[PDB]
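Understanding the architecture of this molecule
Single-letter residue listing:
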Amino acid sequence: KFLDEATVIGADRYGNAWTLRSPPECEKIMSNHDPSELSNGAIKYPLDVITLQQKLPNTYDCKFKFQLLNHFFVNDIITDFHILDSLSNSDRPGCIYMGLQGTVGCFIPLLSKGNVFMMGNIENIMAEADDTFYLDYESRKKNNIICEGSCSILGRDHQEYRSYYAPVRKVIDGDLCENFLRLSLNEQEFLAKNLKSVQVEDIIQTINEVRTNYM
Amino acid sequence: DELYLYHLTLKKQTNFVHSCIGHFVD
Amino acid sequence: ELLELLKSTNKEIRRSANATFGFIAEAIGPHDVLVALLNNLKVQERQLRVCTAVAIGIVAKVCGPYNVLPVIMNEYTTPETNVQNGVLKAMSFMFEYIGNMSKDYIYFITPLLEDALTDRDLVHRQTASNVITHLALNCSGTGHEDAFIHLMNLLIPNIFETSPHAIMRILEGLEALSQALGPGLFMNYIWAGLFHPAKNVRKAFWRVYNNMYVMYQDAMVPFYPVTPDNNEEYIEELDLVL
Amino acid sequence: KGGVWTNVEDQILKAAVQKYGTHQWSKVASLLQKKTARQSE
Amino acid sequence: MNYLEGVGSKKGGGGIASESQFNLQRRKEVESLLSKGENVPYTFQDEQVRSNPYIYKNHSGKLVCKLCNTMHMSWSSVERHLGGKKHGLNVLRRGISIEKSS
Amino acid sequence: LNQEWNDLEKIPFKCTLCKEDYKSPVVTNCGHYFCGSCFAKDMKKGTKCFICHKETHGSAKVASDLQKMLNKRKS
Amino acid sequence: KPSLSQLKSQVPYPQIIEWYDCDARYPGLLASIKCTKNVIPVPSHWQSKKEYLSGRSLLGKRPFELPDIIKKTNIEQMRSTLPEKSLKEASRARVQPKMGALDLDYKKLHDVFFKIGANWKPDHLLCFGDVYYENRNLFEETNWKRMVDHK
Amino acid sequence: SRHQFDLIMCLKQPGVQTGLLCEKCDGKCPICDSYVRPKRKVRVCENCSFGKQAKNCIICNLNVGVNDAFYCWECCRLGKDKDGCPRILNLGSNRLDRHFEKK
Amino acid sequence: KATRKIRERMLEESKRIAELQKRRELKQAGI
RNA sequence: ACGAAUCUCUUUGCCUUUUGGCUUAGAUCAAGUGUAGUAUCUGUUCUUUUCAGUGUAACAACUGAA
RNA sequence: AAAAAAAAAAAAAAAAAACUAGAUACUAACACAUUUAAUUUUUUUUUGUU
Ligand SMILES: [Mg+2]
Ligand SMILES: [Zn+2]
Ligand SMILES: [Zn+2]
Ligand SMILES: [Zn+2]
Ligand SMILES: [Zn+2]
Ligand SMILES: [Zn+2]
Ligand SMILES: [Zn+2]
């Protein structure tokens, strides 16, 4: 699809879901010229770009490359994206996908620089929780939740899974952040000790904000 | 200038591939 | 008194002497202590340069890397070689001690690893690639990813390098950069010479491919450079569209 | 019991003896590791 | 009355210094002798006529012949090279290469 | 040990807005103290404390404990 | 052993194939892999007995320049590395010692990496298919971008 | 071992028993030999268990073991964790040669 | 001795330079 | 040709701290080791006859007889 | 501050290899004093008496 005029969202047979942006070097040019020029005629291309054509006739044929913008792995095969301008009067425009095995999900842009930080911190908290509990147990046996995968119930690291075919870029997993609601208060206040920042109550506020206000 | 996305799973995948028969919880 | 004491032949000594620089650097301050350490990289004897290189890694973790790093990036300019390895070795240690952080500090060190992988003598190209192994694993998934193509473009020509300590350090780097880039964007460099006529060029690429295939078996499957004509059988179910 | 003199430690004597003269042998062995004054002289 | 002995000490700091420190001192002086005191300049310093004029020091510490593009570990090695038959040739080749143009 | 690398009265008696006696006093989630007229007027412009610049959310308690410690008799 | 003229006819990009590709055990496959959409050629310094990095360019490489944002932190002046103490005066320093050598400011150092230099990113870096060949020098290429824009 | 080339690992299917490290080799990853940031316990095969052999450090296999052995975080990211039994079999060139010279 | 007095003389000259440029800067402000 | 001025050059001549003193040289004191591995100078030999095999990306190199 | 011009020779796309010995820098948190309380060098023609 197109989220935008310079960018694109996609899927794979294998489950990846990615967003590709076209570079600004190409945006200045495509903005300052009339399309008839591209095929033949004079576009003034920087010294470098041509030398990539001659040095690599196969790769740089076009001659620019998208910069991968997001990548993330959801084990379904995404059939349709639907870019919505809003969901239920929400401000943040979402793009809601739907998969083969049956699914719906959404990618919501986070417009803050402030939120993406917090949510980031919460994904990092819950991501290795099964490791943290385990280190506290080991060191509390040394001097005075038994399995290493206790909190994840299976061995998998998160980033290793959600990465899979290729590493995640900017997509922060909001379905992991949402297990934080399901823990007992003892465990929540245990995990949250890692943040100099706000208390459990404010985490839960933040996590819950997305369904209420953003969709 | 980037794009930061947040993922949710609204409705979970429904192809049920495995089953088991017992008594798990009382 | 400690900085003289790590000449000792024992290890547990050398190891505890370095740990107590963190306890002092936390106490008094990092910059008073660094200048003590950096003056000691000029020294010839290897234990002393490695055991200082550890301590600068330890002072970085405990007092924060932003305090240490520009003093180390400056010391790298000195024309003596033993300093320039000791400043690259110290940076390896300090990026495995601050595990996750490391993302904040990239972009600054790409130019410092620029001169290292470009440099003539074979040991710099060994220690900077030993920085990349630590810097790639734990900064993967961040979204830098364009610093690791830069850092990759400089490594691959070292694939032909011999020496045993040099070549395993470079393979470790190439194995680690695979996780910053992904097997696909990384494999583009490796398909070409995977056959090749040269028996040598061929021999060197196969090592790298073997390391990749172990970490990724089902993760390479989308990326193989195989077409219906290029092989007899292919698989007809990869072209199917519903 | 070797105390064998490489062509470097021969070349450093003739430069040391030129500098320090022949009666300062204690100083010549300062420029020259592995070797004492009685060995240098 | 221990003045009878005849040894003493100055009241400043802590004397002997550390074996590693002696090597640094000794390997500078040895490279001063064999060098016959000349200052061999760094490669980046933007040129005190040199005794010869080809030998330098790279951005690292090593010595290099800029004709022959050889790298040297020590002054002792260099004097081997300057007295060698390869560093002889490259002077003759530059000899001819100049004698064919001005 | 201070690291650069990394009967106190905290109650002003006159306002920070009125610069006058506290009347119909107000408490925030801080130890901030204002008049009922004070705090309502600051939110007409400012999002946060007139002092901390922390988030007040317009949240204001009746501060009677102030009038207490502003009594000569306390409570 | 197909002549390269025979081998260049198979390929959608005949300009990559070279005289030696003819001798590969499986050239038909090699020519098709090499000409695949995004494969990047093997670095060219094989067949060179030189050891990849050899002098002639490396003789004149400049020592190091700190990135400008870091150079703002003033360390360049406090420790002069380019290009002293009697051994007695050094051993007196171990016993005394002297404090506050650098006089660096902690708040300034932190901000360079975080607040001010948050988004500072290196000027050129490299692109997907740029391998570093031995004689290339990036210090020219970086300036040539800087040159074209300002003039 | 990372720096000593002659020593041969086991690389068989790990059982349920935990490897042990002597006081001297304590705190080390058996793969990269680093002292930092452990993650997972090691697990060694049965045929490295049995009698006296089971107790000895899984690195030097000489001294007796006490603490558990963990894989460091970086060795669990790459996957070198699960290759196999991370136990050194031979005593190696370095250890022998010191031994005979001393006597 | 040679080195020590050299370096000390360098220090003294630096101090002079410092005071001079002080006086110039204060002059630039009229004082 | 010659009286003769000025710049340039060689030589003779002139020359710089050409070592601060003194005594019983004023006295006395000094280098760790082992396992694995690479880098870098110099010395010595070959650009020199054909073909057949081994070998190499191609050389080279190696192997036979006129 | 500041105020032009005009009289129809050259150009260059920027020493090895082998042999044999010697010389010096350097690389691996390489190893350098603990090692020993469950467990396989302990080997002989079987031969310890209420
Ligand atoms: Mg006295
Ligand atoms: Zn030369
Ligand atoms: Zn008021
Ligand atoms: Zn407040
Ligand atoms: Zn052990
Ligand atoms: Zn490890
Ligand atoms: Zn085993």
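Notes on the structure follow. Positions along each chain are numbered from 1 by the written sequence. They may not match the entry numbering, and residues without coordinates are not shown. Chain letters start at A and ligand numbers start at 1, both assigned in the order the entries are written. Values throughout apply to the part shown, which belongs to a larger assembly of chains. Each side-chain value is worked out from all heavy atoms of the structure, with water and hydrogens disregarded.

The next thing to look at is the overall build of chain F. Numbering of helices and strands starts at the N terminus; helices are DSSP runs of H or I of at least 4 residues and strands are runs of E of at least 2. Along chain F, the regular secondary structure elements total two helices and three strands. Ordered by position in the sequence, the α and β elements of chain F form the string β-β-α-β-α. C-alpha atoms define the radius of gyration in this analysis, and the globule rule sets the expected value at 2.2 Å times the number of residues to the power 0.38. Relative to its length of 75 residues, chain F is extended, with a C-alpha radius of gyration of 14 Å against a globular reference of 11 Å. Its C-alpha atoms give chain F principal-axis dimensions of roughly 45 × 35 × 20 Å. With a 1.4 Å probe rolled over the protein chains alone, any residue whose accessible area is under 20% of its type maximum counts as buried; one over 50% counts as exposed, and the rest are partly exposed. Residues classed as buried in chain F amount to 24% of the 75 residues present. Per-residue accessibility takes into account occlusion by the displayed protein chains alone, with areas from the Shrake-Rupley method and a 1.4 Å probe. Working note: accessible area of chain F is about 6,000 Å², and carbon and sulfur atoms make up 49% of it. As used throughout, the charge tally considers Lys and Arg to be positive and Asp and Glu to be negative, leaving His and the chain termini uncounted. Note that the charge is assigned to NZ on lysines, CZ on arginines, CG on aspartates and CD on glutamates. Side chains of chain F give 14 positive and 8 negative charges; the mean places of these two sets differ by 7 Å.

This part is about the protein's contact with RNA strand J. When at least one non-hydrogen atom of a residue lies within 4 Å of a molecule or strand, that residue is treated as near it. Near RNA strand J lie 31 residues; those nearest to it are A198 of chain C, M71, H81 and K85 of chain E together with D23 of chain G. Taken together, the sugar and phosphate atoms account for 74% of what RNA strand J places within 4 Å of the protein. Polar contacts here mean pairs of N or O atoms no more than 3.5 Å apart (in protein, one a potential hydrogen donor and the other a potential acceptor; neighbouring residues in sequence count only if both atoms are side-chain atoms). Here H81 of chain E contributes a side-chain N or O atom positioned 2.7 Å from a phosphate oxygen of RNA strand J. Contact distances for RNA strand J include 3.0 Å between a base nitrogen and a side-chain N or O atom of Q47 of chain G.

Now for the arrangement of the chains. Between two residues, a contact is recorded if the distance between any of their heavy atoms is within 4.5 Å. In this assembly, twelve pairs of chains are in contact, and the pair contributing the most contacts is chains C and G. Left apart from each other, chain A and chain E have a closest C-alpha approach of 28 Å. Chain E makes no contact with chain H; the smallest distance between any of their C-alpha atoms is 26 Å.

What follows concerns the interface of chain G and chain C. If you look at the interface, chain G gives 57 residues, while chain C gives 55 residues. At the boundary of chain G with chain C, total buried surface from both sides reaches about 5,400 Å², with 70% on carbon and sulfur atoms. Contact with chain C buries area across many residues of chain G, yet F64, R79 and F113 of chain G alone supply 13% of it, more than any other trio. The working definition used for a salt bridge is a side-chain nitrogen of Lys or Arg within 4 Å of a carboxyl oxygen of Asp or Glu. Along the contact surface separating chain G from chain C lie two salt bridges. A salt bridge links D119 of chain C to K61 of chain G; its shortest N-O distance comes to 3.6 Å. The term buried area means the drop in 1.4 Å probe accessible area that two parts suffer when joined, counted for both and summed.

All names here are of chain H. Distances define the donors: N, O and S atoms within 2.8 Å of the metal qualify, as do those within 3.2 Å of Na, K or Ca. Water is excluded, so some sites may look unfinished. At 2.2 to 2.4 Å from the zinc ion (ligand 5) lie its protein donor atoms, namely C22 (SG), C25 (SG), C57 (SG) and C60 (SG). One can describe the donor arrangement at the zinc ion (ligand 5) as tetrahedral, given that its four donor atoms subtend angles of 106 to 114° at the metal. Site description for the zinc ion (ligand 5): donor spacing in sequence, C-x2-C-x31-C-x2-C. Taken together, the positions of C22 in the loop between β1 (20-21) and β2 (38-41) and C57 in the loop between α1 (52-55) and β3 (67-68) put the pair 35 residues apart, joining distant regions of the chain. The same class applies to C22 as to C57, namely buried. For four-coordinate sites, all angles between 85 and 135 degrees define a tetrahedron; for four- and six-coordinate sites, opposite donors beyond 155 degrees with the remaining angles between 65 and 115 define square planar and octahedral shapes respectively, and all other cases count as irregular.

This next bit is on unusual backbone geometry. Despite not being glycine, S102 of chain C shows a phi value in the positive range, around 45°. Mapped onto the secondary structure, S102 of chain C falls in the loop between α5 (81-97) and α6 (106-109). Overall, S102 of chain C belongs to the buried group, its relative accessible area being 0%. Of note, the phi angle at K34 of chain D is positive, near 65°, even though the residue is not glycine. Note that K34 of chain D resides in the loop between α2 (25-28) and α3 (37-40).

A word on empty space enclosed by the protein. What the largest cavity holds in volume is close to 110 Å³. Around the largest cavity, the lining comprises 13 residues; the ones closest to its centre are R120 of chain C, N58, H59 and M71 of chain E together with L58 of chain G. Classes in brief: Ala, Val, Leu, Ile, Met, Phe, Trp, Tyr, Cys and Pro nonpolar; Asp, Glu, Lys and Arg charged; the others, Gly included, polar. A per-class count over the lining of the largest cavity returns four nonpolar, five polar and four charged. Considered as a void within the structure, the second largest cavity measures approximately 40 Å³ in volume. The class makeup of the residues in the lining of the second largest cavity is eight nonpolar, two polar and no charged. A 1.4 Å probe that fits into a set of points on a 1 Å grid over the protein atoms alone but cannot get out defines a cavity; an open set with protein on both sides within 12 Å along at least five of seven lines defines a pocket, and lining residues are those with an atom within 4 Å of a point. Grid points are joined across faces, edges and corners, and a volume is the space filled by probe spheres set on the points.

Close to RNA strand K lie 36 residues; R46, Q47 and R49 of chain C together with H3 and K102 of chain H are nearest. Among the atoms of RNA strand K lying within 4 Å of the protein, the sugar-phosphate backbone contributes 68%. In the environment of RNA strand K, a phosphate oxygen lies 3.3 Å from a nitrogen or oxygen atom belonging to the side chain of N82 of chain C. Of all the secondary-structure elements, those providing two or more residues to the surface near RNA strand K are α1 (11-27), α3 (46-63), α5 and α11 (164-181) of chain C together with α1 and α3 (92-102) of chain H. Take the surface near RNA strand K: its biggest share by element is five residues, from α3 of chain C. Considering only residue class, the surface near RNA strand K consists of four nonpolar, 15 polar and 17 charged.

A common way to express how large an interface is: the accessible area buried when the components associate. Tallying the contact residues gives eleven residues for chain A and 18 residues for chain G. Interface area for chain A against chain G, summed over the two sides, is near 1,100 Å², with a carbon-plus-sulfur share of 53%. For the chain A face of the interface with chain G, the top three residues by lost area are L56, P57 and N58 of chain A, together amounting to 42%. For the interface between chain A and chain G, the tally reads seven residue pairs in polar contact. When its residues are assigned to classes, the side of chain A that touches chain G shows five nonpolar, two polar and four charged.

Let us now look at a negative patch on the surface. Here a patch means residues that are over 30% exposed by relative accessible area and free of salt bridges, tied together within 9 Å if like-charged and within 5 Å if nonpolar (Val, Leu, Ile, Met, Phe, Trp, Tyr). Together, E232, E233, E236, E237 and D239 of chain C make up a negatively charged patch on the protein surface. Relative accessible area serves as the criterion here: at 53%, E236 of chain C is assigned to the exposed category.

Let us now look at the packing of aromatic side chains. Ring pairs shown here join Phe, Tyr and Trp side chains whose ring centres sit within 6.5 Å, with only the six-membered ring taken for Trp; geometry is labelled stacked below 30 degrees between planes, edge-to-face above 60, and tilted in between. As enumerated under the stated definition, the model contains 27 aromatic pairs over all chains in all. When the ring of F108 of chain C is compared with that of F113 of chain G, the centres are 4.7 Å apart and the planes differ by 65°; the resulting orientation is edge-to-face. With one member in each of two chains, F108 of chain C in helix α6 and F113 of chain G in helix α7 (residues 106-113) form a pair that bridges those chains. Comparing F108 of chain C with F113 of chain G shows no difference in burial state: the two are buried. An aromatic cluster is built from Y66, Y105 and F108 of chain C together with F113, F114 and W120 of chain G, whose rings are joined through pairwise contacts. The residue whose ring lies beneath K65 of chain A is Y60 of chain A, and the NZ or CZ to ring-centre distance is 5.6 Å. Definition used: whenever NZ (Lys) or CZ (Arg) falls within 6 Å of the ring centre and also within 35 degrees of the ring normal, the charge is taken to sit over that ring. Of note, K193 of chain A hangs over the ring of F190 of chain A, and the distance from its end group to the ring centre comes to 3.2 Å.

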